[PDB]
Every structure is written in C-alpha cells, then in structure tokens.
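Everything on this sheet refers to the single structure shown next.
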Amino acid sequence: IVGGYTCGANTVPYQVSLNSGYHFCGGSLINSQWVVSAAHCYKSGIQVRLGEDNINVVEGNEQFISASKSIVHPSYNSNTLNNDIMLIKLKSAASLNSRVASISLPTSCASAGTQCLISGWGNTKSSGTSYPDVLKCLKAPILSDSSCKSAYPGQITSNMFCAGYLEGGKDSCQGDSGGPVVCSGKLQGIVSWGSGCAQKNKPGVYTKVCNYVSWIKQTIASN
Ligand SMILES: N=C(N)c1ccc(O)c(CN2CC[C@H](NS(=O)(=O)c3cc4ncccc4s3)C2=O)c1
Ligand SMILES: [Ca+2]
C-alpha cells in the first residue's frame with residue numbers, strides 16, 4: 001500500500017496473508033473454511049495465515065492453516081487478467097473470534113463515489129521497493145467507469161472497476177494482490193492490477209466481486 005496508514009493490530013479481521021516461505025499475496029476470509037483471493041496469486045504449497053499484523057513476528061492471535069485446494073476461475077485469462085478471482089479451501093476450519101472474522105459478500109454492486117478500505121502488506125513505495133512489517137490501510141473511492149476506461153483504454157472489462165486517486169500518491173501495489181476492497185461492510189473488490197503504483201492518472205484496478213457472488217456460492221456449495 002502506497003500512501004496509506006498503519007491499520008492497527010487486528011483491526012481488519014478478515015484480512016489474510018498467503019505464505020509460501022514468505023508473504024506473496026493477500027486474501028479475505030468469507031467463512032470459517034473459505035478464503036477469496038486473486039487468480040494470478042495461484043501457486044502450490046500455500047499456507048493461509050490468519051489473525052496477522054506483523055508478518056515477521058509471532059505475537060499471538062495467529063492461525064496458520066494449509067490450503068486443501070485452490071480453485072482458480074475457469075475463465076481466468078492471464079494475459080488480460082479478466083476473471084482474476086480464486087477460492088481457497090482451508091484444510092481445517094479457522095477459529096473465529098474478535099481478531100479473526102469473515103467478511104460479507106455483496107448483494108448488489110457499489111456505485112461510483114463509494115468509499116472503501118483497501119489493506120495489505122505490499123510495497124509502500126511508488127519508486128523502489130519497501131515492504132512493511134505491519135498491515136497497511138488505505139481509504140479510497142470507487143471511480144466512474146468512464147474515468148476508469150479513459151485511464152486504461154481497451155483494458156477494462158465488465159468484471160473490473162477502478163478505485164483510488166487520479167492525482168497519484170495513494171494506491172495498492174505489488175504484494176497487495178488478492179487483498180480486500182471493503183465498502184459498507186461488504187467485500188466489493190479484490191486487488192488485481194494497475195500500471196505501476198500510485199502514478200498520476202493510473203488508478204488501481206480491482207476484480208468486481210458482485211459479478212461473482214453466484215459463482216462463489218455455487219462453487220463453495222459443491223466443494
Ligand atoms: N497500481 C496498483 N493498484 C497495482 C497493484 C498490484 C500490482 O502488482 C501492481 C504492479 N503492476 C502489475 C502489472 C503492471 N504491469 S503492466 O503495466 O505492464 C500491465 C500488465 C497487464 N496484464 C494484464 C492486464 C493489464 C495489465 S497492465 C504493474 O505495474 C500495481
Ligand atoms: Ca505475526
């Protein structure tokens with residue numbers, strides 16, 4: 001996260017860290033046994049880390065659970081990043097409490113102008129690389145579709161939306177991918193991509209979760 005602030009230990013209880021010997025992507029806990037992340041984050045040998053703040057120190061409240069299976073959307077296209085969504089089933093159910101809780105799926109899509117909270121352990125610099133120890137947060141509004149398509153001509157599908165600041169300086173970045181975009185208590189987006197980080201006229205692009213609620217429910221129901 002570039003231009004954000006320190007969230008505060010366990011203030012984003014649904015935030016998850018995908019680990020394979022190091023942190024590589026974020027995710028959101030949607031129920032005691034399922035995590036939602038980005039398809040481009042897929043890799044074998046994933047360990048889901050819950051209740052984390054400082055990802056480099058065991059401070060208590062952490063729960064490390066191996067992924068039993070990862071389900072990348074069947075129509076995911078790595079070239080365009082369309083349908084950048086993946087479901088992860090935990091080997092065992094997580095222990096829900098105040099520091100570890102699930103986030104609700106949306107019943108309808110969010111409107112432009114809606115303020116959301118984006119979080120993650122990604123790069124905090126728009127120039128070089130600087131990874132934080134603790135979880136970073138950023139409040140950002142959903143942009144209009146025309147503004148989004150104007151910024152990224154020919155690269156925005158109906159399954160994506162822009163969020164952030166056209167003035168640059170505040171954005172999500174590498175390492176934040178797969179993470180949550182929560183608006184009004186509902187998971188509306190997944191950190192997917194952008195051109196560089198926090199650059200002028202190049203906001204972040206996110207997977208439009210409201211377009212996948214039926215797929216998520218049907219997939220979870222049969223697995
Ligand atoms: N600004 C952000 N919110 C953000 C978030 C996560 C990232 O990892 C990056 C860094 N990222 C991710 C890739 C992007 N590279 S690129 O501009 O060549 C593009 C490649 C590509 N492939 C398919 C569709 C569209 C494109 S744009 C970049 O800087 C940026
Ligand atoms: Ca820790």
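The residues of the chain are indexed from 1 along the displayed sequence.
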Check the pair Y165, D171 against side-chain contact (heavy atoms from CB on, under 4.5 Å), reporting the backbone distance first and the verdict last. CA-CA 7 Å; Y165 304 81; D171 197 8; over 6 Å; no

Yes or no on side-chain hydrogen bond (donor to acceptor under 3.5 Å, both in side chains) for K136 and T124, after CA distance, side-chain angles and deciding distance? CA-CA 9 Å; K136 296 295 179 175; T124 59; over 6 Å; no

Apply side-chain contact (heavy atoms from CB on, under 4.5 Å) to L29 and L96, showing your working. CA-CA 10 Å; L29 189 72; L96 303 187; 3.7 Å; yes

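Smallest separation of non-hydrogen atoms from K208 and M160: CB-N, 4.0 Å.
Linking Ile, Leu, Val, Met, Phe, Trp and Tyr whenever their side-chain heavy atoms come within less than 4.5 Å leaves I216 and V35 in two separate clusters.
No hydrogens or angles considered: nothing links the side chains of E52 and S17 as a donor-acceptor pair under 3.5 Å.
The shortest distance between side-chain heavy atoms of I55 and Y131 does not fall below 4.5 Å. Inter-residue side-chain proximity for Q188 and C210 is flagged as met; some heavy-atom pair is nearer than 4.5 Å.
For the side chain to side chain donor-acceptor pair (under 3.5 Å) with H40, the lone residue among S192, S177, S78 that qualifies is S177. Shown are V36, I71, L18; of these, the side chain to side chain contact (heavy atoms under 4.5 Å, CB included) with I88 is made only by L18.
One N or O on the side chain of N123 and one on the backbone of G128 form a donor-acceptor pair closer than 3.5 Å. A donor-acceptor pair under 3.5 Å is absent between the side-chain atoms of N61 and the main chain of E59, judged by distance alone.
With sequence neighbours left out, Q47 forms a side-chain hydrogen bond (donor to acceptor under 3.5 Å, both in side chains) with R49.
Using the six-membered ring where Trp is involved, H73 and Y212 have ring planes that are perpendicular, over 60° apart on the 30 and 60° scheme.
One distance of note links CD1 of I142 with SG of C116; it measures 4.0 Å at 0.5 Å rounding.
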